[PDB]
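Engineer: Here it is: the structure, laid out below.
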Amino acid sequence: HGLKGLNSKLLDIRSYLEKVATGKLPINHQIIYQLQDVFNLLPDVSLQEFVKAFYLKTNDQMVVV
Amino acid sequence: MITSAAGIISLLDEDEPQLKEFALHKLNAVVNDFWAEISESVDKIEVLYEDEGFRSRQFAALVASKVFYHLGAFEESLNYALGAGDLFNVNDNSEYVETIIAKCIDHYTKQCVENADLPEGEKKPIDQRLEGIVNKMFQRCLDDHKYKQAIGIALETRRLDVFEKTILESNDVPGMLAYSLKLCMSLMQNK
Amino acid sequence: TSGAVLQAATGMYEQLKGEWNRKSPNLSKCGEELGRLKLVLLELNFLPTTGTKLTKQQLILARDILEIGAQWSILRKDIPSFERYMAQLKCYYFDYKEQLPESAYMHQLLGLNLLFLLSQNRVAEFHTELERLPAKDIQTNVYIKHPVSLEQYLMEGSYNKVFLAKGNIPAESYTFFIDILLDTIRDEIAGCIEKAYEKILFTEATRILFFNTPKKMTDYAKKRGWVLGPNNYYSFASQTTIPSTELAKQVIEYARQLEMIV
Amino acid sequence: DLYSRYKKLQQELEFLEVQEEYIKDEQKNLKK
């Protein structure tokens, strides 16, 4: 359900972006600021440290299970 | 005994036809034990079968089908048995013949039902030869006088033609008709 | 017509035996004579298949013709003919042991087949036929022994000793199979230097891989030539991504199994 | 005869499978 909600929200934001790109509404530099903040905040997974830690702790989880 | 088919299989490689046919005969003789080595060396027997210039198409297909039976494939084995033409014996009532007939029957029934629904499309090849084996079994069963069983296999295959022929040339048309009516009323599902 | 075919085969084989070996015709005429006697064997007892108990001249005719066809395959360097004829030779030798006497020219050819198998590197089948051999014959015989000692040397790695042991050949029949063994040795050392011996230069490579002249090794660069590094070092032994989806499948499966009523 | 019993066996085996799924679903509902 959480995945579905996230998908719907990003559908909404994409639709708004399309409206702006087509020019159906004015550019809001604030909303932009927020969007590129989000993207800037996106993580990196293939970091080769994050991955080692991920495997290690997944190993512990599987051990207990 | 022979303890190894290496010699015979290697000999079959040679172009000399007479040699090739005799090797095929001996391989058919000793297949039951060395099916594994024959499996390893199928490729060349496949070439021998497929190149129809060689006048041992039926024998090659039969030996290949027997080999694939021993392996357990039961599908390419079936096709090779089919390609053995009429060389395959049906009244030998051996284990191999019996089981391949069973596979033929079930497979054919499957394609029968498939097409049964399919209005006209697909119309699987139903390798007329497969039709031939099913018909041959039909007549063998008629000879044994298993009219019930002929009727029911005809029903399963949807072969109304064979069903009607067996019921008409049955031993007692009224009783046969009553039995068929009961089966139709109760067991049959497809409207 | 049993006697007719028997005597026909006997005369044909007598002519062959007399001509090809005593002197060395070793001709396509001899090969065609072999083909003729083979077509004769066809109708003859053939590979006995057991269930015969004839003590037929099958022994003489089949054993001799197969051995001669094998040595003919050797002379012509036709590996398929060699292998097929030796396959029949096995089927005869090891099948009807008691019903047949010792084949005086059997261990020689069988040891030559040892060399054949070693040269092709088919070590698994080599050891299988070894074990099928009687135990004592492994050591008592020279024909059998020599390939075995060579194989032990190869397995150990003393390739220098292997090359040194070229001369000690019990029978001249062990010819050109030695050469197949040599180029197999070369390929073995090739893989050796490939996955180990990092960055070996040309001079060391030539001295170790007993190839011919440095031009000939430049040709051997046909053998994928590695990369020759900067200084003909023949390169070297050439040398994340969270498996998220598959691990998710695995854990979902764990939950599924934990969850069904079953 | 033989095929009558054969098809009866078909019917009852299928129905028995249906019984299996019935009981599994009902066991879940009864736990709830």
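Going by the structure tokens order, chains are called A, B, ..., each with residues numbered from 1, while ligands are numbered from 1 in the order shown.
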Near chain C, meaning an atom within 7 Å, which residues of chain B appear when counting only C-alpha atoms? Write them as a list in words.
Structural biologist: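 Going by the stated atoms only, the list reads residues 1, 2, 3, 4, 6, 7, 10, 11 and 19 of chain B.
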Engineer: Let's have the selection written as an mmCIF file, in the first residue's frame, with N, CA and C atoms.
Structural biologist:
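Writing the result to out_34.cif gives the following:
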```
data_model
loop_
_atom_site.group_PDB
_atom_site.id
_atom_site.type_symbol
_atom_site.label_atom_id
_atom_site.label_comp_id
_atom_site.auth_asym_id
_atom_site.auth_seq_id
_atom_site.Cartn_x
_atom_site.Cartn_y
_atom_site.Cartn_z
ATOM 1 N N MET B 1 28.731 -59.578 -21.384
ATOM 2 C CA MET B 1 28.382 -59.736 -22.823
ATOM 3 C C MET B 1 29.133 -58.696 -23.652
ATOM 4 N N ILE B 2 28.423 -57.986 -24.530
ATOM 5 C CA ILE B 2 29.085 -57.023 -25.404
ATOM 6 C C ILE B 2 29.853 -56.000 -24.581
ATOM 7 N N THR B 3 29.256 -55.523 -23.492
ATOM 8 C CA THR B 3 29.981 -54.763 -22.481
ATOM 9 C C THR B 3 30.345 -53.362 -22.964
ATOM 10 N N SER B 4 30.118 -53.068 -24.242
ATOM 11 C CA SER B 4 30.355 -51.725 -24.756
ATOM 12 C C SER B 4 29.849 -51.593 -26.185
ATOM 13 N N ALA B 6 30.770 -48.960 -27.941
ATOM 14 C CA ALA B 6 31.697 -48.023 -28.560
ATOM 15 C C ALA B 6 32.049 -48.462 -29.971
ATOM 16 N N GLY B 7 32.379 -49.740 -30.140
ATOM 17 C CA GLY B 7 32.784 -50.203 -31.453
ATOM 18 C C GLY B 7 31.694 -50.016 -32.487
ATOM 19 N N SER B 10 30.962 -46.297 -33.251
ATOM 20 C CA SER B 10 32.030 -45.709 -34.045
ATOM 21 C C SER B 10 31.977 -46.212 -35.479
ATOM 22 N N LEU B 11 31.682 -47.499 -35.659
ATOM 23 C CA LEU B 11 31.588 -48.054 -37.003
ATOM 24 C C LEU B 11 30.469 -47.395 -37.790
ATOM 25 N N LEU B 19 27.255 -51.512 -44.116
ATOM 26 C CA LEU B 19 27.742 -51.446 -42.745
ATOM 27 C C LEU B 19 26.801 -50.641 -41.869
#
```
Engineer: With a distance threshold of 7 Å and counting only C-alpha atoms, extract the residues of chain A near chain C and express them as a PyMOL selection string.
Structural biologist: chain A and resi 46+48+51
Engineer: Can you write out as JSON lines which residues of chain D fall within 10 Å of chain C, alongside each residue's closest atom pair and its distance in Å to one decimal, counting only C-alpha atoms and ordering rows by chain and ascending residue number?
Structural biologist:
```
{"residue": "D:23", "atom": "CA", "partner": "C:261", "partner_atom": "CA", "distance": 9.4}
{"residue": "D:24", "atom": "CA", "partner": "C:261", "partner_atom": "CA", "distance": 6.1}
{"residue": "D:25", "atom": "CA", "partner": "C:261", "partner_atom": "CA", "distance": 8.3}
{"residue": "D:26", "atom": "CA", "partner": "C:261", "partner_atom": "CA", "distance": 9.9}
{"residue": "D:27", "atom": "CA", "partner": "C:261", "partner_atom": "CA", "distance": 7.4}
{"residue": "D:28", "atom": "CA", "partner": "C:261", "partner_atom": "CA", "distance": 7.0}
```
Engineer: Take the residues that were just selected and, keeping C-alpha atoms, output them as a PDB file, in the first residue's frame.
Structural biologist:
```
ATOM      1  CA  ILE D  23     -10.504 -26.863   3.967  1.00  0.00           C
ATOM      2  CA  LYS D  24      -7.432 -24.657   3.698  1.00  0.00           C
ATOM      3  CA  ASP D  25      -9.521 -21.536   3.109  1.00  0.00           C
ATOM      4  CA  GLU D  26     -11.937 -22.494   5.869  1.00  0.00           C
ATOM      5  CA  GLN D  27      -9.089 -23.146   8.281  1.00  0.00           C
ATOM      6  CA  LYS D  28      -7.831 -19.625   7.647  1.00  0.00           C
TER       7      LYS D  28
END
```
Engineer: Kindly determine which residues of chain D lie within 8 Å of chain B, considering only C-alpha atoms, and give the answer as a list in words.
Structural biologist: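 Output check: residues 1, 2, 3, 4, 7 and 8 of chain D.
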Engineer: Write the selection just made, keeping C-alpha atoms, as a compact mmCIF listing (two decimals), in the first residue's frame?
Structural biologist:
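Listing of part.txt after writing:
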```txt
# COMPACT_ATOMS: atom_id res chain seq x y z
CA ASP D 1 -17.41 -49.88 -17.83
CA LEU D 2 -13.67 -49.34 -17.55
CA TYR D 3 -13.90 -45.83 -18.90
CA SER D 4 -16.97 -45.12 -16.81
CA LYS D 7 -13.92 -40.81 -15.68
CA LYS D 8 -15.56 -41.25 -12.28
```
Engineer: Go through region 21-79 of chain B and collect every residue that DSSP, computed from the backbone, puts in alpha helix (DSSP H); the answer should be as an MDAnalysis selection string.
Structural biologist: chainID B and resid 21:29 31:40 42:50 57:71 76:79
Engineer: Might you pull out every residue within 9 Å of residue 50 (chain B), with only C-alpha atoms counted and same-chain residues fewer than 4 positions away left off, and present them as a ChimeraX atom specification?
Structural biologist: /B:45-46,54,57,60-61
